[PDB]
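K.L.:
First the structure, then my questions, so here it is.
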Ligand SMILES: Cc1ccncc1NC(=O)Cc1cncc(C#N)c1
Ligand SMILES: Cc1ccncc1NC(=O)Cc1cncc(C#N)c1
């Protein structure tokens with residue numbers, strides 16, 4: 001009973017957080033095995049950030065310039081290398097708290113938990129979605145760079161995001177763990193356009209199924225629709241086009257509730273065209289798109 | 001930039017979760033030092049739950065009937081005792097992962113993180129408020145009993161809640177770590193009235209300050225009010241009466257933003273009487289009451 005914006009337990013990730021300092025800049029690093037991963041802009045001063053030449057800036061640095069501290073233990077840096085926008089610092093000690101892990105590049109619309117950190121210390125954990133425009137609407141202040149996003153399948157942590165930047169609009173941008181930015185962003189203090197965003201349609205439908213499962217059913221109606229008709233409404237309201245792949249992933253929820261996907265699409269169509277009429281769904285007065293169908297199944301079945 | 005419903009990092013609590021089985025009932029326990037804490041209804045069968053005599057049911061049980069398993073390690077039970085609605089199982093081994101901790105009874109309106117667990121395994125973490133009527137609107141399924149709520153001040157975990165029950169209405173009830181229920185609830189399978197709930201006024205005002213800090217300011221107006229006038233509006237909309245103690249706790253946010261508390265109360269008054277007019281505040285289409293003034297300061301300053 002109940003449905004919350006649940007994050008993964010952050011314990012396995014907490015054991016990986018370290019502080020990385022280079023010159024006068026300090027941010028967060030991720031220590032897995034004998035490598036520490038962090039944003040390459042750790043090597044920049046504020047003046048460098050306007051237009052950095054990272055290859056030139058990294059040439060001035062030596063292994064001993066990167067100060068890595070895990071709690072109180074200082075790590076010895078024996079190698080450094082830049083891969084895209086991340087720095088990989090080889091340390092002489094493998095992290096004893098390294099969980100089973102993978103590096104994955106998530107798709108837009110997918111969700112993950114963020115462990116917000118400052119000076120290598122965890123401050124909070126929250127769940128969020130990678131927007132269709134490759135930005136994340138997080139909660140990050142100066143010092144949070146290097147904080148990571150992840151998903152967990154039983155004992156395996158799939159790291160999918162490392163925080164790098166706050167755009168002038170207050171939204172966030174970052175990379176996968178190979179340092180490739182999600183979206184068109186560059187690690188530079190320059191105004192940068194984030195594309196037109198849309199609402200994650202399959203996630204909204206998944207959340208409508210979670211609402212039915214939890215007893216919120218006032219929005220179910222006597223109507224149905226087609227993928228074509230629904231998609232004309234989705235286009236009008238800046239929703240992602242629904243495909244048969246999305247319908248296929250909604251199958252378990254359709255089967256559990258007995259509500260065909262296109263019937264749920266007709267409920268969503270009516271909510272888009274008429275609003276919520278001052279009513280709420282799972283404690284929200286708007287249509288929630290930060291729960292994937294997988295998240296809804298996991299939370300509604302109690303997967304650990 | 002940004003403002004999220006952030007939970008505490010759950011790592012220190014994950015290291016305390018164990019599975020407790022007694023007969024055919026299995027639920028979660030909290031292992032701190034050489035004691036395992038769990039709901040006393042672990043000793044009940046489904047038939048006992050209709051009207052349990054816990055003292056009689058516990059008399060039939062011996063130390064060897066309580067199966068406690070931490071991951072794969074089995075703990076040896078050398079004592080058992082009931083304190084209010086919790087069972088305290090003395091084990092022969094102190095939990096090596098016991099963090100610095102306290103047991104605290106929180107006040108209604110205060111917030112905390114819940115680490116939802118099943119079979120002694122963490123599944124997710126979320127932030128919630130203890131409602132003024134002493135219920136929590138969580139996300140809990142069968143097997144989640146014994147999952148705990150907590151707050152963390154640097155290295156100290158203050159455990160404040162243990163989950164016991166889902167009311168017929170889908171809302172949740174539980175105890176402090178001494179087994180005393182929050183609210184009028186009893187650990188019995190009987191319909192039980194949760195009082196009239198109200199919205200946590202000081203938390204809504206705190207969240208309005210967080211909105212101003214993050215750039216959402218469309219709701220600020222040219223008006224002010226008095227505590228008396230505001231409280232007449234609060235009574236009309238089922239909001240908690242605002243006191244000078246609440247105004248006092250909002251002082252840091254008033255100082256940071258330069259918006260006097262009573263001026264923010266006038267903005268809240270106008271939003272209550274007129275609604276949001278299809279607009280949003282920090283990504284919400286309703287007035288959020290699950291952030292205390294302390295949470296807003298902590299999140300807006302990056303406390304670890
Ligand atoms: C103040 C703050 C808050 C949250 N997240 C991030 C920040 N600050 C920054 O973005 C600093 C920065 C500047 N220019 C480019 C990059 C990159 N890549 C990073
Ligand atoms: C099914 C479920 C889901 C979430 N939380 C809890 C439950 N189930 C229960 O409450 C089981 C129970 C029954 N009667 C009294 C108590 C107490 N105290 C507990």
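Counting starts with 1 at the first residue shown.
Cβ from N, Cα, C; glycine included.
Sharing the record's features from Swiss-Prot:
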ACT_SITE  A:41  active site, for 3CL-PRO activity
ACT_SITE  A:145  active site, nucleophile
CROSSLNK  A:5  ubiquitin cross-link
CROSSLNK  A:90  ubiquitin cross-link
K.L.:
Could you measure between residue A:5 (ubiquitin cross-link) and residue A:145 (active site, nucleophile) for me? Cα positions, answer in whole angstrom.
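P.N.:
Cα of residue A:5 (ubiquitin cross-link) to Cα of residue A:145 (active site, nucleophile) measures 23 Å after rounding.
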K.L.:
Among the recorded positions A:5, A:41, A:145, state which ones have a Cβ less than 8 Å from a Cβ of chain B, giving them in sequence order; state 'none' otherwise.
P.N.:
A:5
K.L.:
Which one of these recorded positions, A:5, A:41, A:90, has the sparsest Cβ neighbourhood, judged by other Cβ atoms within 10 angstroms?
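P.N.:
Each of the recorded positions A:5, A:41, A:90 was scored; lowest Cβ tally within 10 Å is A:90.
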K.L.:
Can you list which of the recorded positions A:5, A:41, A:90 have their Cβ under 6 Å from some atom of ligand 1?
P.N.:
A:41
K.L.:
Tally every other Cβ atom lying within 10 Å of the Cβ atom of the residue listed as 'active site, nucleophile'.
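P.N.:
If we count other Cβ atoms within 10 Å of the residue listed as 'active site, nucleophile', we arrive at 25.
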K.L.:
Any idea what the Cα distance is from residue A:41 (active site, for 3CL-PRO activity) over to the residue listed as 'active site, nucleophile', rounded to a whole Å?
P.N.:
9
K.L.:
To the nearest whole angstrom, state the Cα distance for the pair residue A:145 (active site, nucleophile) and residue A:90 (ubiquitin cross-link).
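P.N.:
Between the Cα atoms of residue A:145 (active site, nucleophile) and residue A:90 (ubiquitin cross-link), the distance comes to 19 Å.
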